[PDB]
Amino acid sequence: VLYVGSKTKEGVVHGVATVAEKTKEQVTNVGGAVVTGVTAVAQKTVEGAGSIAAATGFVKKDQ
Amino acid sequence: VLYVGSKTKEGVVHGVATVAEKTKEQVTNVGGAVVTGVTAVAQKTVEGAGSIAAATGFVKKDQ
Amino acid sequence: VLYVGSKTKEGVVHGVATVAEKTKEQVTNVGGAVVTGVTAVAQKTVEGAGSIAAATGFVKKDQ
Amino acid sequence: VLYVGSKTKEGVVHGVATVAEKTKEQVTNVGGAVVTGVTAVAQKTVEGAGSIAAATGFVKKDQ
Amino acid sequence: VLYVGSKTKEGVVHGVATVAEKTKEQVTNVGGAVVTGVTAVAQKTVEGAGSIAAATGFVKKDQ
Amino acid sequence: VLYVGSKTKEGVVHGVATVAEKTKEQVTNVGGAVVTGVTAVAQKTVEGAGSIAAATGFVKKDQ
Amino acid sequence: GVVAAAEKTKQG
Amino acid sequence: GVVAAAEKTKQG
Amino acid sequence: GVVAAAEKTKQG
Amino acid sequence: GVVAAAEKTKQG
Amino acid sequence: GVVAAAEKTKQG
Amino acid sequence: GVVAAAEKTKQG
């Protein structure tokens, strides 16, 4: 019984319940970005960036 | 029974309940960014940035 | 019984329930990006970026 | 467009979210009645009694 | 378009989300009644009683 | 378009999400009744009683 | 007549 | 008459 | 008459 | 250069 | 340069 | 340069 660096928990999601009742959902984009409905998401990243729900219209970089 | 660096918890979500009742949801963007409905999200990042619900219209950088 | 670097948990999702009742979902994009309905997603990344629900309209970079 | 006795609503429950985090629940009865944890319950009754969460130890009625 | 006795709603449950995290649940009864965990229940009754979560230890009725 | 006694709804359950995380559930009864975990239940009854989650220890009725 | 009973002894 | 009973002894 | 009974002894 | 376009006409 | 466009006409 | 545009005409 030493428990060195053990029984850890990092980047965990559990026990999620969700109900979504809609009559008319309508997404309409022109030259852009849309992110809708992200749920029950977990991750762990080492030596690097971590992004889960990102949106970007555009990254225009000319000469 | 030493418990060195053990039984930890970092970046955890648990026990979430959600109800969303809509009659008409309508998203409409033109040359932009929209993020709607992010829920039950967890993460851990080491040596790097961490972003969960980010939006950016555009990153225009010319010559 | 030493438990060195053992019994760990990193990038885990469990116990998720979801109900989505819609009458008319309509997505319509022109020259853009749409991400809808991401759920029950987990990952672990070592020495590199980690992205789960990302959207980008466009990455136009001319000469 | 007359709408006689229409578009009614009687005995309805909707849009309920609940989280219950316990470490040790213990029920122990001897010759009695226990009701625990009633939620999201609806009903309609015509010409008769309506009971939802009732408890009764005993109804002893001898000769 | 008359809508006589139409578009009604009686005894309805919808849009319910629930999370229950326990470490040790223990029920123990001796000669009794236990009701635990009733959820998302609906009914309609005509010319008669309506009971949803009822408990009764005993109904002893001798000669 | 008359809609007489039409488009009705009576005894309906819809859109239910549930998560139950336990480590040790233990039920133990001796000469009794136990009802645990009733969910997403609907019914309609005409000219008669309606019971959904009922418990009764015993109905002893001697001579 | 009916009878119900319980008992929980724990030394230590 | 009916009879119900339970018992849980645990030394230690 | 009916009879029900239970018993759980555990030394240690 | 790239071009995208959409159009939805509905009389009635 | 890029171009995006949409149009939704509905008489009635 | 980039261009985005939308238009929604509805008589009635």
# chains A, B, ... in the order shown; residues from 1 in each chain; ligands from 1
>>> interface_residues(of="chain H", to="chain D", cutoff="10 Å", atoms="only C-alpha atoms", output="short mmCIF file (atom, residue, chain, number, x, y, z; two decimals) with N, CA and C atoms, in the first residue's frame")
data_model
loop_
_atom_site.label_atom_id
_atom_site.label_comp_id
_atom_site.auth_asym_id
_atom_site.auth_seq_id
_atom_site.Cartn_x
_atom_site.Cartn_y
_atom_site.Cartn_z
N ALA H 4 -42.01 -12.58 10.54
CA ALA H 4 -40.82 -12.26 9.77
C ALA H 4 -39.73 -11.81 10.73
N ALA H 5 -38.49 -12.09 10.37
CA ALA H 5 -37.38 -11.79 11.26
C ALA H 5 -36.08 -11.76 10.47
N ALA H 6 -35.14 -10.95 10.95
CA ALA H 6 -33.82 -10.88 10.36
C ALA H 6 -32.81 -10.62 11.47
#
>>> residues_around(residues="residue C:36", least_positions_apart="2", cutoff="7 Å", atoms="only C-alpha atoms", output="PyMOL selection string")
(chain A and resi 35-37) or (chain C and resi 34+38)
>>> atom_distance(atom1="atom CA of residue D:8", atom2="atom CA of residue E:54")
28.5 Å
>>> atom_distance(atom1="atom CA of residue A:47", atom2="atom CA of residue C:48")
6.3 Å
>>> residues_around(residues="residue B:58", least_positions_apart="5", cutoff="9 Å", atoms="only C-alpha atoms", output="MDAnalysis selection string")
(chainID A and resid 32 56:60) or (chainID B and resid 31:33)
>>> residues_around(residues="stretch 12-27 of chain E", least_positions_apart="6", cutoff="7 Å", atoms="only C-alpha atoms", output="JSON, numbers by chain")
{"A": [15, 16, 17, 18, 19], "B": [15, 16, 17, 18, 19], "D": [11, 12, 13, 14, 15, 16, 17, 18, 19, 20, 21, 22, 23, 24, 25, 26, 27, 28, 40, 41, 42], "E": [40, 41, 42], "F": [10, 11, 12, 13, 14, 15, 16, 17, 18, 19, 20, 21, 22, 23, 24, 25, 26, 27, 28]}
>>> write_last_selection(atoms="C-alpha atoms", output="mmCIF file, in the first residue's frame")
data_model
loop_
_atom_site.group_PDB
_atom_site.id
_atom_site.type_symbol
_atom_site.label_atom_id
_atom_site.label_comp_id
_atom_site.auth_asym_id
_atom_site.auth_seq_id
_atom_site.Cartn_x
_atom_site.Cartn_y
_atom_site.Cartn_z
ATOM 1 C CA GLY A 15 -23.040 10.804 -15.522
ATOM 2 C CA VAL A 16 -24.661 13.124 -18.083
ATOM 3 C CA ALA A 17 -28.338 13.136 -19.111
ATOM 4 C CA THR A 18 -29.805 15.454 -21.743
ATOM 5 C CA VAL A 19 -33.141 16.051 -23.495
ATOM 6 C CA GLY B 15 -23.549 14.588 -12.529
ATOM 7 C CA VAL B 16 -25.121 16.926 -15.106
ATOM 8 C CA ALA B 17 -28.785 16.969 -16.175
ATOM 9 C CA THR B 18 -30.205 19.303 -18.821
ATOM 10 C CA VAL B 19 -33.515 19.931 -20.609
ATOM 11 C CA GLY D 11 -52.161 17.013 -15.682
ATOM 12 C CA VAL D 12 -48.891 17.776 -17.466
ATOM 13 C CA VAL D 13 -45.256 17.922 -16.332
ATOM 14 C CA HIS D 14 -42.440 18.919 -18.655
ATOM 15 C CA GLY D 15 -38.936 20.338 -18.480
ATOM 16 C CA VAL D 16 -37.476 18.724 -15.346
ATOM 17 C CA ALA D 17 -33.768 18.245 -14.571
ATOM 18 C CA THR D 18 -32.450 16.541 -11.436
ATOM 19 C CA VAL D 19 -29.103 15.479 -9.946
ATOM 20 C CA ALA D 20 -28.787 13.450 -6.728
ATOM 21 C CA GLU D 21 -25.283 12.669 -5.432
ATOM 22 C CA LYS D 22 -25.175 10.553 -2.272
ATOM 23 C CA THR D 23 -22.434 8.507 -0.641
ATOM 24 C CA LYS D 24 -24.609 6.143 1.397
ATOM 25 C CA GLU D 25 -28.397 5.942 1.287
ATOM 26 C CA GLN D 26 -29.869 3.378 3.670
ATOM 27 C CA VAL D 27 -33.570 2.643 4.137
ATOM 28 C CA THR D 28 -34.617 0.178 6.829
ATOM 29 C CA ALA D 40 -41.586 13.695 -12.941
ATOM 30 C CA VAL D 41 -45.054 12.246 -12.418
ATOM 31 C CA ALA D 42 -48.367 13.401 -13.902
ATOM 32 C CA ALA E 40 -41.073 9.758 -15.729
ATOM 33 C CA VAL E 41 -44.522 8.282 -15.165
ATOM 34 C CA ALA E 42 -47.861 9.407 -16.614
ATOM 35 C CA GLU F 10 -53.680 11.192 -22.892
ATOM 36 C CA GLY F 11 -51.246 8.965 -21.021
ATOM 37 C CA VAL F 12 -48.029 9.778 -22.879
ATOM 38 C CA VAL F 13 -44.374 9.987 -21.825
ATOM 39 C CA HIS F 14 -41.627 11.026 -24.213
ATOM 40 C CA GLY F 15 -38.145 12.505 -24.119
ATOM 41 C CA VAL F 16 -36.588 10.924 -21.013
ATOM 42 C CA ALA F 17 -32.856 10.509 -20.320
ATOM 43 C CA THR F 18 -31.441 8.838 -17.211
ATOM 44 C CA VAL F 19 -28.044 7.835 -15.793
ATOM 45 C CA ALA F 20 -27.623 5.821 -12.578
ATOM 46 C CA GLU F 21 -24.078 5.103 -11.359
ATOM 47 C CA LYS F 22 -23.863 2.997 -8.196
ATOM 48 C CA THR F 23 -21.054 1.001 -6.623
ATOM 49 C CA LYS F 24 -23.143 -1.393 -4.531
ATOM 50 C CA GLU F 25 -26.928 -1.659 -4.557
ATOM 51 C CA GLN F 26 -28.304 -4.241 -2.136
ATOM 52 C CA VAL F 27 -31.980 -5.036 -1.585
ATOM 53 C CA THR F 28 -32.925 -7.512 1.134
#
>>> atom_distance(atom1="atom CA of residue G:10", atom2="atom CA of residue I:7")
13.5 Å
>>> select_by_dssp(residues="stretch 7-58 of chain C", states="strand (DSSP E)", output="PyMOL selection string")
chain C and resi 10-21+25-30+33-46+50-56
>>> residues_around(residues="residue G:2", least_positions_apart="3", cutoff="6 Å", atoms="only C-alpha atoms", output="VMD selection string")
chain H and resid 1 to 3
>>> write_last_selection(atoms="N, CA and C atoms", output="PDB file, in the first residue's frame")
ATOM      1  N   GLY H   1     -51.265 -16.430  12.427  1.00  0.00           N
ATOM      2  CA  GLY H   1     -50.349 -15.304  12.455  1.00  0.00           C
ATOM      3  C   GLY H   1     -49.086 -15.542  11.656  1.00  0.00           C
ATOM      4  N   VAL H   2     -48.542 -14.483  11.068  1.00  0.00           N
ATOM      5  CA  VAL H   2     -47.343 -14.591  10.256  1.00  0.00           C
ATOM      6  C   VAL H   2     -46.186 -14.012  11.057  1.00  0.00           C
ATOM      7  N   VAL H   3     -44.974 -14.419  10.696  1.00  0.00           N
ATOM      8  CA  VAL H   3     -43.771 -13.995  11.403  1.00  0.00           C
ATOM      9  C   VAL H   3     -42.676 -13.720  10.385  1.00  0.00           C
TER      10      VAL H   3
END
>>> residues_around(residues="residue B:1", least_positions_apart="2", cutoff="12 Å", atoms="only C-alpha atoms", output="list in words")
residues 1, 2, 3 and 4 of chain A; 3, 4 and 6 of chain B; 1, 2 and 3 of chain C
>>> write_last_selection(atoms="C-alpha atoms", output="JSON list (two decimals), in the first residue's frame")
[["chain", "number", "residue", "atom", "x", "y", "z"],
["A", 1, "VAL", "CA", 0.00, 0.00, 0.00],
["A", 2, "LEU", "CA", 2.16, 2.91, -1.32],
["A", 3, "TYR", "CA", -0.14, 4.64, -3.86],
["A", 4, "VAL", "CA", 2.43, 6.82, -5.60],
["B", 3, "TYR", "CA", -0.83, 8.22, -0.62],
["B", 4, "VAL", "CA", 1.77, 10.38, -2.33],
["B", 6, "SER", "CA", -2.55, 9.88, -5.41],
["C", 1, "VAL", "CA", 0.77, -3.55, -3.21],
["C", 2, "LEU", "CA", 2.88, -0.62, -4.56],
["C", 3, "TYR", "CA", 0.55, 1.08, -7.08]]
